[PDB]
>>> print(open('model-v6.csv').read())   # CSV, C-alpha atoms and all ligand atoms
chain,number,residue,atom,x,y,z
A,1,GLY,CA,9.3,-17.4,14.2
A,2,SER,CA,6.3,-19.3,12.9
A,3,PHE,CA,3.3,-17.7,11.0
A,4,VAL,CA,1.1,-17.7,14.2
A,5,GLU,CA,3.9,-15.5,15.9
A,6,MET,CA,3.8,-13.2,12.7
A,7,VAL,CA,-0.1,-12.7,12.9
A,8,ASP,CA,-1.0,-9.2,14.2
A,9,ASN,CA,2.6,-8.0,13.9
A,10,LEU,CA,1.3,-4.7,12.2
A,11,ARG,CA,-0.1,-1.6,13.7
A,12,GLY,CA,-1.0,1.8,12.3
A,13,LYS,CA,-3.2,4.9,12.4
A,14,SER,CA,-5.8,5.4,9.6
A,15,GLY,CA,-4.3,7.3,6.6
A,16,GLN,CA,-0.8,7.0,8.2
A,17,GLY,CA,0.4,3.6,7.0
A,18,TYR,CA,1.0,0.3,8.6
A,19,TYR,CA,4.2,-0.4,10.6
A,20,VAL,CA,6.1,-3.3,11.8
A,21,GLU,CA,8.6,-3.5,14.7
A,22,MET,CA,12.3,-4.0,13.6
A,23,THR,CA,15.7,-3.9,15.3
A,24,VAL,CA,18.8,-2.1,13.7
A,25,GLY,CA,22.4,-2.5,15.0
A,26,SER,CA,24.2,-4.1,17.9
A,27,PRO,CA,22.9,-4.0,20.7
A,28,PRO,CA,19.5,-3.9,18.9
A,29,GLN,CA,17.7,-0.6,18.6
A,30,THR,CA,14.0,-1.1,18.4
A,31,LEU,CA,12.1,1.1,15.8
A,32,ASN,CA,8.7,1.1,14.2
A,33,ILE,CA,9.0,0.9,10.4
A,34,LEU,CA,6.4,1.6,7.7
A,35,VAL,CA,5.7,-1.5,5.4
A,36,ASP,CA,6.0,0.1,1.9
A,37,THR,CA,5.4,-2.0,-1.3
A,38,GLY,CA,5.8,1.3,-3.3
A,39,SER,CA,9.5,1.9,-2.6
A,40,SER,CA,12.8,-0.1,-2.3
A,41,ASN,CA,14.9,1.6,0.3
A,42,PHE,CA,15.2,0.7,4.0
A,43,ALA,CA,15.3,4.4,5.0
A,44,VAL,CA,15.4,5.2,8.8
A,45,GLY,CA,15.4,8.4,10.7
A,46,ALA,CA,18.9,8.8,12.2
A,47,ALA,CA,18.8,12.3,13.7
A,48,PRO,CA,16.3,14.2,16.0
A,49,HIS,CA,13.1,15.5,14.5
A,50,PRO,CA,9.9,17.0,16.1
A,51,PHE,CA,7.8,14.1,14.8
A,52,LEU,CA,10.3,11.3,15.8
A,53,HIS,CA,9.9,9.6,19.2
A,54,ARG,CA,13.2,7.8,18.6
A,55,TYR,CA,15.9,7.4,15.9
A,56,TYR,CA,18.7,5.1,14.7
A,57,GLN,CA,22.0,6.1,16.5
A,58,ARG,CA,24.8,4.7,14.3
A,59,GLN,CA,27.5,5.6,16.9
A,60,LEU,CA,25.8,3.2,19.4
A,61,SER,CA,26.1,0.3,16.9
A,62,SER,CA,29.3,-1.8,16.8
A,63,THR,CA,28.2,-3.6,13.7
A,64,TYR,CA,27.4,-0.3,11.7
A,65,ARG,CA,29.5,0.0,8.5
A,66,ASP,CA,29.6,3.4,6.7
A,67,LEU,CA,29.4,3.1,2.8
A,68,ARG,CA,30.8,6.7,2.3
A,69,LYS,CA,27.9,7.5,0.0
A,70,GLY,CA,25.2,10.1,0.4
A,71,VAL,CA,21.5,9.8,-0.8
A,72,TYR,CA,19.4,12.8,-1.8
A,73,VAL,CA,15.7,12.2,-2.5
A,74,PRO,CA,13.6,15.2,-3.6
A,75,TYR,CA,9.9,14.8,-4.6
A,76,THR,CA,6.9,17.2,-5.3
A,77,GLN,CA,5.8,18.0,-1.6
A,78,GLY,CA,9.1,17.4,0.3
A,79,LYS,CA,12.4,15.5,0.4
A,80,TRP,CA,14.8,13.3,2.5
A,81,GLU,CA,18.5,13.0,2.5
A,82,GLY,CA,21.0,10.8,4.2
A,83,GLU,CA,24.0,8.5,4.4
A,84,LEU,CA,24.3,5.0,3.2
A,85,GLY,CA,25.6,2.2,5.4
A,86,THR,CA,25.0,-1.4,6.4
A,87,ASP,CA,24.0,-3.0,9.7
A,88,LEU,CA,22.4,-6.0,11.4
A,89,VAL,CA,18.6,-6.1,11.0
A,90,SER,CA,15.9,-8.3,12.6
A,91,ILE,CA,12.1,-8.4,12.6
A,92,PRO,CA,11.2,-9.5,16.2
A,93,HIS,CA,7.6,-10.7,15.2
A,94,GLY,CA,8.8,-11.8,11.7
A,95,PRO,CA,11.2,-14.5,10.6
A,96,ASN,CA,13.6,-15.9,13.3
A,97,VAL,CA,16.6,-14.5,11.4
A,98,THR,CA,19.2,-11.6,11.5
A,99,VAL,CA,20.5,-10.2,8.2
A,100,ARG,CA,23.0,-7.6,7.1
A,101,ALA,CA,21.2,-5.0,5.1
A,102,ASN,CA,21.7,-1.6,3.5
A,103,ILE,CA,20.4,1.3,5.5
A,104,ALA,CA,19.8,4.9,4.4
A,105,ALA,CA,20.3,6.9,7.7
A,106,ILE,CA,18.0,9.9,7.2
A,107,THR,CA,19.8,13.0,8.5
A,108,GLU,CA,17.5,15.7,7.1
A,109,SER,CA,14.0,15.7,5.7
A,110,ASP,CA,11.0,17.9,4.7
A,111,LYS,CA,7.4,16.8,5.0
A,112,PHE,CA,8.4,13.1,5.1
A,113,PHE,CA,7.8,12.0,8.7
A,114,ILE,CA,4.2,12.4,10.0
A,115,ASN,CA,3.0,13.8,13.4
A,116,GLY,CA,1.7,10.9,15.6
A,117,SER,CA,2.2,8.1,12.9
A,118,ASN,CA,4.3,6.2,15.5
A,119,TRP,CA,6.8,5.0,12.8
A,120,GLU,CA,10.5,6.1,12.4
A,121,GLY,CA,11.5,4.7,9.0
A,122,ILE,CA,10.3,2.9,5.9
A,123,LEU,CA,10.8,-0.7,4.7
A,124,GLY,CA,10.8,-0.4,1.0
A,125,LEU,CA,9.6,-3.8,-0.3
A,126,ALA,CA,9.7,-3.2,-4.1
A,127,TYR,CA,12.6,-4.0,-6.5
A,128,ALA,CA,16.1,-2.6,-6.9
A,129,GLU,CA,15.1,-0.9,-10.1
A,130,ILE,CA,13.5,1.9,-8.1
A,131,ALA,CA,16.1,2.0,-5.2
A,132,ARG,CA,17.8,5.4,-4.5
A,133,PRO,CA,20.4,6.5,-5.5
A,134,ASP,CA,20.4,3.6,-8.0
A,135,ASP,CA,19.7,-0.1,-8.6
A,136,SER,CA,23.1,-1.2,-7.1
A,137,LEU,CA,21.7,-0.6,-3.6
A,138,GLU,CA,20.3,-4.0,-2.7
A,139,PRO,CA,16.8,-3.7,-1.1
A,140,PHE,CA,16.1,-5.4,2.3
A,141,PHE,CA,13.9,-8.3,1.0
A,142,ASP,CA,16.5,-9.2,-1.6
A,143,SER,CA,19.2,-9.3,1.2
A,144,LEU,CA,16.8,-11.4,3.4
A,145,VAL,CA,16.3,-14.0,0.6
A,146,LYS,CA,20.0,-14.2,-0.3
A,147,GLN,CA,21.3,-14.6,3.3
A,148,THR,CA,18.6,-17.0,4.7
A,149,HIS,CA,16.5,-19.9,3.5
A,150,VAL,CA,13.3,-17.6,3.6
A,151,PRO,CA,11.1,-18.3,0.5
A,152,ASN,CA,11.0,-15.4,-2.0
A,153,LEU,CA,7.4,-14.3,-1.0
A,154,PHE,CA,5.6,-12.1,1.6
A,155,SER,CA,1.9,-11.4,2.2
A,156,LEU,CA,0.0,-8.5,3.8
A,157,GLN,CA,-3.2,-8.5,5.6
A,158,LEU,CA,-4.0,-4.8,6.2
A,159,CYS,CA,-7.0,-4.3,8.5
A,160,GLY,CA,-9.1,-1.1,9.0
A,161,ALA,CA,-10.8,0.0,12.2
A,174,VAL,CA,-5.6,-0.1,12.9
A,175,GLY,CA,-3.7,-3.4,12.6
A,176,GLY,CA,-2.9,-6.4,10.5
A,177,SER,CA,-0.2,-8.9,9.5
A,178,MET,CA,2.9,-9.2,7.4
A,179,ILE,CA,3.8,-12.9,6.8
A,180,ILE,CA,7.3,-13.4,5.4
A,181,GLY,CA,8.2,-16.5,3.4
A,182,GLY,CA,4.8,-17.9,3.1
A,183,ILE,CA,1.0,-17.9,2.9
A,184,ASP,CA,-1.0,-18.1,6.2
A,185,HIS,CA,-4.3,-19.8,5.2
A,186,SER,CA,-5.9,-18.7,8.5
A,187,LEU,CA,-5.8,-15.1,7.2
A,188,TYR,CA,-8.1,-15.7,4.2
A,189,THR,CA,-11.4,-17.2,3.0
A,190,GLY,CA,-12.3,-18.6,-0.4
A,191,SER,CA,-9.9,-18.6,-3.4
A,192,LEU,CA,-6.6,-16.8,-4.0
A,193,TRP,CA,-6.7,-15.2,-7.5
A,194,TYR,CA,-3.4,-14.2,-9.1
A,195,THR,CA,-2.4,-11.3,-11.3
A,196,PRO,CA,1.0,-11.2,-13.1
A,197,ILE,CA,3.6,-8.7,-12.0
A,198,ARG,CA,4.1,-6.9,-15.4
A,199,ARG,CA,7.6,-5.5,-14.6
A,200,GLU,CA,9.8,-5.9,-11.5
A,201,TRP,CA,10.3,-2.2,-10.4
A,202,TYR,CA,7.2,-1.2,-8.5
A,203,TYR,CA,4.7,-4.1,-8.0
A,204,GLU,CA,3.3,-3.3,-11.5
A,205,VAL,CA,-0.1,-4.9,-12.5
A,206,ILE,CA,-2.7,-4.4,-15.2
A,207,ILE,CA,-6.3,-3.3,-14.7
A,208,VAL,CA,-8.5,-4.7,-17.6
A,209,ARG,CA,-12.0,-3.4,-16.6
A,210,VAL,CA,-13.6,-1.0,-14.0
A,211,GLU,CA,-17.2,-1.0,-12.9
A,212,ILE,CA,-19.1,1.2,-10.6
A,213,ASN,CA,-22.2,-0.4,-9.2
A,214,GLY,CA,-22.0,-3.1,-11.9
A,215,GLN,CA,-21.8,-0.3,-14.7
A,216,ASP,CA,-18.7,-0.6,-16.9
A,217,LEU,CA,-16.8,2.8,-17.2
A,218,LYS,CA,-16.5,1.9,-21.0
A,219,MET,CA,-13.0,3.1,-21.6
A,220,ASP,CA,-10.1,1.6,-23.6
A,221,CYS,CA,-8.4,-0.6,-20.9
A,222,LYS,CA,-5.0,1.1,-21.5
A,223,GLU,CA,-6.6,4.2,-19.8
A,224,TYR,CA,-6.7,2.3,-16.5
A,225,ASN,CA,-3.0,1.7,-16.7
A,226,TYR,CA,-1.8,5.1,-18.0
A,227,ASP,CA,1.3,5.1,-17.5
A,228,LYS,CA,1.5,2.1,-14.9
A,229,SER,CA,-0.8,0.5,-12.3
A,230,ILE,CA,0.9,-0.5,-9.0
A,231,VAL,CA,0.0,-2.2,-5.6
A,232,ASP,CA,1.3,0.3,-3.0
A,233,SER,CA,0.9,-0.2,0.8
A,234,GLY,CA,2.7,3.1,1.2
A,235,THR,CA,-0.1,5.1,-0.5
A,236,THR,CA,-3.4,5.6,1.4
A,237,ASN,CA,-5.8,6.2,-1.5
A,238,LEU,CA,-7.0,4.5,-4.6
A,239,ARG,CA,-5.2,6.9,-7.0
A,240,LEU,CA,-6.6,7.1,-10.6
A,241,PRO,CA,-5.4,8.7,-13.8
A,242,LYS,CA,-7.3,11.9,-14.6
A,243,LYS,CA,-9.7,10.5,-17.3
A,244,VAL,CA,-10.5,7.5,-15.1
A,245,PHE,CA,-10.8,9.6,-11.9
A,246,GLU,CA,-13.3,12.0,-13.6
A,247,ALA,CA,-15.5,9.1,-14.9
A,248,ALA,CA,-15.3,7.4,-11.5
A,249,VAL,CA,-16.4,10.6,-9.7
A,250,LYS,CA,-19.3,11.2,-12.2
A,251,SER,CA,-20.5,7.5,-11.7
A,252,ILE,CA,-20.2,7.7,-7.8
A,253,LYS,CA,-22.0,11.1,-7.8
A,254,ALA,CA,-24.8,9.7,-9.9
A,255,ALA,CA,-25.3,6.6,-7.7
A,256,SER,CA,-25.2,8.8,-4.5
A,257,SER,CA,-27.5,11.6,-6.0
A,258,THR,CA,-30.0,11.5,-3.0
A,259,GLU,CA,-27.3,13.6,-1.2
A,260,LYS,CA,-25.1,16.4,-2.5
A,261,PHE,CA,-21.6,17.0,-1.2
A,262,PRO,CA,-19.2,19.9,-1.7
A,263,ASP,CA,-16.7,19.9,-4.6
A,264,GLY,CA,-14.0,19.9,-1.9
A,265,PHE,CA,-15.2,16.5,-0.6
A,266,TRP,CA,-14.7,15.0,-4.2
A,267,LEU,CA,-11.2,16.6,-4.2
A,268,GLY,CA,-10.1,15.3,-0.8
A,269,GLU,CA,-10.0,18.9,0.5
A,270,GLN,CA,-12.9,18.4,3.0
A,271,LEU,CA,-14.7,15.9,5.3
A,272,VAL,CA,-18.2,14.6,4.9
A,273,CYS,CA,-19.9,14.1,8.4
A,274,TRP,CA,-23.0,12.4,9.6
A,275,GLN,CA,-24.5,11.9,13.1
A,276,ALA,CA,-22.7,8.9,14.8
A,277,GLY,CA,-24.0,5.5,13.4
A,278,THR,CA,-26.1,7.1,10.6
A,279,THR,CA,-23.6,6.9,7.6
A,280,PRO,CA,-25.8,6.2,4.5
A,281,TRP,CA,-23.5,3.3,3.3
A,282,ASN,CA,-26.3,2.2,0.8
A,283,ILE,CA,-26.3,5.4,-1.3
A,284,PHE,CA,-22.6,4.8,-2.2
A,285,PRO,CA,-21.8,2.3,-5.0
A,286,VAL,CA,-19.4,-0.6,-5.0
A,287,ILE,CA,-16.3,-0.3,-7.2
A,288,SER,CA,-15.0,-3.4,-9.1
A,289,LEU,CA,-11.4,-3.5,-10.3
A,290,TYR,CA,-10.9,-6.3,-12.9
A,291,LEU,CA,-7.3,-7.5,-12.8
A,292,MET,CA,-5.5,-9.3,-15.6
A,293,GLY,CA,-5.5,-13.1,-14.9
A,294,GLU,CA,-2.7,-15.6,-15.4
A,295,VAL,CA,-4.2,-16.8,-18.7
A,296,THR,CA,-5.0,-14.9,-21.9
A,297,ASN,CA,-8.2,-12.7,-21.8
A,298,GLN,CA,-9.2,-14.2,-18.4
A,299,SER,CA,-9.5,-11.8,-15.4
A,300,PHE,CA,-10.9,-11.7,-11.8
A,301,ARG,CA,-12.4,-8.8,-9.9
A,302,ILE,CA,-11.8,-7.3,-6.5
A,303,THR,CA,-14.9,-5.4,-5.2
A,304,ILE,CA,-14.4,-2.3,-3.0
A,305,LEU,CA,-17.2,-1.1,-0.7
A,306,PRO,CA,-17.7,2.6,0.4
A,307,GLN,CA,-16.5,1.4,3.9
A,308,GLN,CA,-13.0,1.2,2.2
A,309,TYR,CA,-13.1,4.4,-0.1
A,310,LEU,CA,-14.6,6.6,2.6
A,311,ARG,CA,-11.8,6.7,5.1
A,312,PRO,CA,-12.9,7.6,8.7
A,313,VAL,CA,-11.1,10.6,10.1
A,314,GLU,CA,-10.8,10.1,14.0
A,315,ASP,CA,-11.1,13.4,15.8
A,316,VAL,CA,-12.2,13.8,19.4
A,317,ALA,CA,-13.5,17.3,18.5
A,318,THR,CA,-15.8,16.0,15.7
A,319,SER,CA,-16.8,12.8,17.7
A,320,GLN,CA,-20.5,13.5,17.9
A,321,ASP,CA,-20.3,12.6,14.2
A,322,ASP,CA,-18.6,10.0,12.0
A,323,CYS,CA,-16.5,12.0,9.5
A,324,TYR,CA,-14.9,10.7,6.3
A,325,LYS,CA,-12.4,11.8,3.6
A,326,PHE,CA,-13.0,10.6,0.0
A,327,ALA,CA,-10.1,8.2,-0.4
A,328,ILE,CA,-10.0,8.2,-4.2
A,329,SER,CA,-7.9,10.8,-5.9
A,330,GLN,CA,-6.4,11.9,-9.2
A,331,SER,CA,-2.9,10.8,-10.2
A,332,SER,CA,-0.6,12.0,-13.1
A,333,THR,CA,1.7,8.9,-12.4
A,334,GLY,CA,-0.8,6.1,-13.1
A,335,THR,CA,-3.1,4.0,-11.0
A,336,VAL,CA,-2.2,3.3,-7.4
A,337,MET,CA,-4.0,0.5,-5.5
A,338,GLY,CA,-3.2,1.9,-2.1
A,339,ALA,CA,-4.0,0.9,1.5
A,340,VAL,CA,-7.8,1.5,1.2
A,341,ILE,CA,-7.8,-1.1,-1.7
A,342,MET,CA,-5.6,-3.6,0.1
A,343,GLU,CA,-7.7,-3.4,3.4
A,344,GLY,CA,-9.9,-6.4,3.9
A,345,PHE,CA,-7.9,-8.4,1.3
A,346,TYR,CA,-5.1,-10.9,1.9
A,347,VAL,CA,-2.5,-9.7,-0.6
A,348,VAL,CA,0.3,-12.2,-1.6
A,349,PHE,CA,3.4,-10.7,-3.1
A,350,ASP,CA,4.7,-13.9,-4.7
A,351,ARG,CA,8.0,-12.6,-6.0
A,352,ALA,CA,9.2,-16.2,-6.9
A,353,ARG,CA,6.4,-16.6,-9.4
A,354,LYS,CA,6.2,-12.9,-10.5
A,355,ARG,CA,2.5,-12.7,-9.4
A,356,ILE,CA,0.3,-11.1,-6.8
A,357,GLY,CA,-2.5,-13.0,-5.2
A,358,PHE,CA,-5.8,-11.5,-3.8
A,359,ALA,CA,-8.2,-13.3,-1.5
A,360,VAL,CA,-11.0,-12.1,0.9
A,361,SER,CA,-9.2,-11.5,4.3
A,362,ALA,CA,-10.4,-12.6,7.8
A,363,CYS,CA,-10.8,-8.8,8.5
A,364,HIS,CA,-12.8,-8.1,5.2
A,365,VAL,CA,-15.3,-5.3,4.9
A,366,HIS,CA,-19.0,-5.9,4.8
A,367,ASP,CA,-22.4,-4.9,6.1
A,368,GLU,CA,-25.7,-6.9,6.1
A,369,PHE,CA,-26.3,-6.1,2.4
A,370,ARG,CA,-22.9,-6.3,0.6
A,371,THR,CA,-19.4,-7.7,1.1
A,372,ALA,CA,-15.9,-7.0,-0.4
A,373,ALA,CA,-15.1,-9.9,-2.8
A,374,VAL,CA,-12.4,-11.6,-5.0
A,375,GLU,CA,-14.3,-13.3,-7.8
A,376,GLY,CA,-13.5,-15.0,-11.1
A,377,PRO,CA,-13.0,-16.0,-13.8
A,378,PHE,CA,-14.2,-13.4,-16.3
A,379,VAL,CA,-13.6,-13.8,-20.0
A,380,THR,CA,-13.2,-11.3,-22.8
A,381,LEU,CA,-12.8,-12.0,-26.5
A,382,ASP,CA,-12.5,-8.5,-27.9
A,383,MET,CA,-9.3,-7.7,-25.9
A,384,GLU,CA,-6.2,-5.7,-26.9
A,385,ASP,CA,-3.2,-5.5,-24.5
A,386,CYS,CA,-4.3,-3.2,-21.6
A,387,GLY,CA,-0.7,-2.1,-20.8
A,388,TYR,CA,1.3,1.0,-21.8
B,1,LIG,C1,12.5,6.7,-2.1
B,1,LIG,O1,12.1,7.7,-1.2
B,1,LIG,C2,10.7,7.5,-0.9
B,1,LIG,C3,9.8,8.2,-1.6
B,1,LIG,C4,10.1,9.2,-2.7
B,1,LIG,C5,8.4,8.1,-1.2
B,1,LIG,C6,8.0,7.3,-0.2
B,1,LIG,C7,6.6,7.1,0.2
B,1,LIG,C8,6.2,7.7,1.5
B,1,LIG,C9,7.1,8.6,2.2
B,1,LIG,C10,6.7,9.1,3.4
B,1,LIG,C11,5.5,8.8,4.0
B,1,LIG,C12,4.6,7.9,3.3
B,1,LIG,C13,3.3,7.6,3.9
B,1,LIG,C14,2.5,8.6,4.4
B,1,LIG,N1,1.2,8.4,4.8
B,1,LIG,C15,0.8,7.1,4.7
B,1,LIG,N2,1.5,6.1,4.2
B,1,LIG,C16,2.8,6.4,3.8
B,1,LIG,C17,5.0,7.4,2.1
B,1,LIG,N3,5.7,7.8,-0.8
B,1,LIG,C18,5.0,6.9,-1.4
B,1,LIG,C19,3.9,7.1,-2.4
B,1,LIG,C20,5.4,5.6,-0.9
B,1,LIG,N4,4.8,4.4,-1.4
B,1,LIG,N5,6.3,5.7,0.1
B,1,LIG,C21,9.0,6.6,0.5
B,1,LIG,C22,10.4,6.7,0.2
B,1,LIG,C23,11.4,6.0,1.0
>>> encode(input="model-v6.csv", output="structure tokens", more="lines below")
Ligand SMILES: COc1c(C)cc([C@@]2(c3cccc(-c4cncnc4)c3)N=C(C)C(N)=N2)cc1C
Amino acid sequence: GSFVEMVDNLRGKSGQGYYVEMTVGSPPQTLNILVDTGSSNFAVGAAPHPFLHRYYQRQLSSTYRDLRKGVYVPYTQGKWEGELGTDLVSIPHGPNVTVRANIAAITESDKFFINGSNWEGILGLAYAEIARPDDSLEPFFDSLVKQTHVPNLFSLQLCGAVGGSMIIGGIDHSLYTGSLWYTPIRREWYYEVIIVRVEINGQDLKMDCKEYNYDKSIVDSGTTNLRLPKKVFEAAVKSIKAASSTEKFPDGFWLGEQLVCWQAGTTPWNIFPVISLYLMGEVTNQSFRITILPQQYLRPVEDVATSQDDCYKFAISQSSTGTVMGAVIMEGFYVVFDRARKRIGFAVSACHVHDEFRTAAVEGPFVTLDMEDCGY
């Protein structure tokens, strides 16, 4: 269960998350589980569903323990419900350990599972504060750290086209180039961070930095898009439209309602600007930036029927729940969730995005003297 054996342990489909293989129960039942830094439950499909290839069968596990507690999770566009219990859990291409963990056996759901995603459950990697029904339900990673000698850290190397790596208990130096820059975890609930500055093709958006973090900024592998608060989304779209003015796209493209297509191999990457997110550093008024190319924010939509063309969805969207640095932001970066030191490291990954003109980057330090607190 070394780091080499953990390399390439993730798979996925574009816009459908990254998943890792796990086993639940005795004898082990193999399931594909979404790696989610934006939630804190280990929630697995435990009843038949038209989108599930397989599911957790509690009756077949001798080690299953029922907690006699239901869990009901409604949200805007859907819901999931289930029963809480505990069982033996392993990650075959992860640490060489078996732990007893809480499991939310999903019995009913609406618009939760995805057709052809190839995953059957979600591994919520965030803190107990956001666990459902409440903070007393110990998340998986907490159980793993308590029961084993595994260091309190994990890292994610999400690669586009999908695949990548989840390294538990350490940093795999073969997965990144250059320096690892750290941003403090503001509060241990979601992986909450602070954005101090936003530039679009080197041009500062010129907003009070609190606007970037209205009402929180999080690092979420379970969200596809870069999600931005209304004011920031509007200014970003205006700036991207201006840089890409040689071509006009429908309003629906800017809203995520429609694809933009070009003849295969002709995508005009150069008309689209680079987006720079400046993250709060580990020392006062110091920051570093992560640079996002259009190869990350224009997500390819694979469709045999549109295959004479290369088609893309605009992977930046409006949020009313704060900034979300989703999968398109994480892609090409090696992201260290250093729980032990309450910080998140970013470095250029071995699968980073680039063309012959520009590259995705992690650069610093940047100083500011006229800075307030950028948090809410
Ligand atoms: C606590 O209950 C939840 C909720 C409310 C949301 C998510 C989910 C979620 C749920 C179902 C599918 C996905 C999903 C879909 N497409 C791509 N990646 C992930 C995400 N939604 C977000 C924003 C997230 N980070 N995880 C997971 C769980 C377990």
>>> residues_near_ligand(input="model-v6.csv", ligand="ligand LIG 1 (chain B)", cutoff="6 Å", atoms="only C-alpha atoms and all ligand atoms", output="number ranges by chain")
A: 15-17, 36, 38-39, 41, 43, 73, 75, 112, 122, 132, 232, 234-236
>>> residues_around(input="model-v6.csv", residues="segment 341-353 of chain A", least_positions_apart="3", cutoff="6 Å", atoms="all atoms listed in the file", output="ChimeraX atom specification")
/A:152-159,337-338,356-361,363-365
>>> closest_residue(input="model-v6.csv", among="A:151, A:45, A:241, A:334", to="residue 202 of chain A", atoms="all atoms listed in the file")
A:334
>>> atom_distance(input="model-v6.csv", atom1="atom CA of residue 181 of chain A", atom2="atom CA of residue 376 of chain A")
26.1 Å
>>> residues_around(input="model-v6.csv", residues="residue 377 of chain A", least_positions_apart="4", cutoff="8 Å", atoms="all atoms listed in the file", output="number ranges by chain")
A: 298-300
>>> atom_distance(input="model-v6.csv", atom1="atom CA of residue 140 of chain A", atom2="atom CA of residue 61 of chain A")
18.6 Å
>>> closest_residue(input="model-v6.csv", among="A:143, A:96, A:335, A:371", to="residue 224 of chain A", atoms="all atoms listed in the file")
A:335
>>> closest_residue(input="model-v6.csv", among="A:49, A:149, A:228, A:93", to="residue 9 of chain A", atoms="only C-alpha atoms")
A:93
>>> atom_distance(input="model-v6.csv", atom1="atom CA of residue 288 of chain A", atom2="atom CA of residue 213 of chain A")
7.8 Å
>>> residues_near_point(input="model-v6.csv", point="(-12.1, -0.4, 12.1)", cutoff="10 Å", atoms="only C-alpha atoms", output="PyMOL selection string")
chain A and resi 14+159-161+174-175+307+311-312+363+365
>>> residues_near_point(input="model-v6.csv", point="(1.3, -16.3, 12.0)", cutoff="10 Å", atoms="all atoms listed in the file", output="number ranges by chain")
A: 1-9, 93-94, 177-180, 182-187
>>> residues_around(input="model-v6.csv", residues="residue 211 of chain A", least_positions_apart="3", cutoff="7 Å", atoms="all atoms listed in the file", output="list in words")
residues 214, 215, 216, 217, 287, 288 and 289 of chain A
>>> write_last_selection(input="model-v6.csv", atoms="C-alpha atoms", output="CSV table (one decimal), keeping the file's coordinate frame")
chain,number,residue,atom,x,y,z
A,214,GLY,CA,-22.0,-3.1,-11.9
A,215,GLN,CA,-21.8,-0.3,-14.7
A,216,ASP,CA,-18.7,-0.6,-16.9
A,217,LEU,CA,-16.8,2.8,-17.2
A,287,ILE,CA,-16.3,-0.3,-7.2
A,288,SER,CA,-15.0,-3.4,-9.1
A,289,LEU,CA,-11.4,-3.5,-10.3
>>> residues_around(input="model-v6.csv", residues="segment 380-383 of chain A", least_positions_apart="2", cutoff="10 Å", atoms="all atoms listed in the file", output="PDB file with C-alpha atoms, in the frame of the given file")
ATOM      1  CA  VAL A 208      -8.500  -4.700 -17.600  1.00  0.00           C
ATOM      2  CA  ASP A 220     -10.100   1.600 -23.600  1.00  0.00           C
ATOM      3  CA  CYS A 221      -8.400  -0.600 -20.900  1.00  0.00           C
ATOM      4  CA  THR A 296      -5.000 -14.900 -21.900  1.00  0.00           C
ATOM      5  CA  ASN A 297      -8.200 -12.700 -21.800  1.00  0.00           C
ATOM      6  CA  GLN A 298      -9.200 -14.200 -18.400  1.00  0.00           C
ATOM      7  CA  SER A 299      -9.500 -11.800 -15.400  1.00  0.00           C
ATOM      8  CA  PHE A 378     -14.200 -13.400 -16.300  1.00  0.00           C
ATOM      9  CA  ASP A 385      -3.200  -5.500 -24.500  1.00  0.00           C
ATOM     10  CA  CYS A 386      -4.300  -3.200 -21.600  1.00  0.00           C
TER      11      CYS A 386
END
>>> closest_residue(input="model-v6.csv", among="A:82, A:262, A:293, A:139", to="residue 68 of chain A", atoms="all atoms listed in the file")
A:82
>>> closest_residue(input="model-v6.csv", among="A:105, A:249, A:131, A:205", to="residue 294 of chain A", atoms="only C-alpha atoms")
A:205
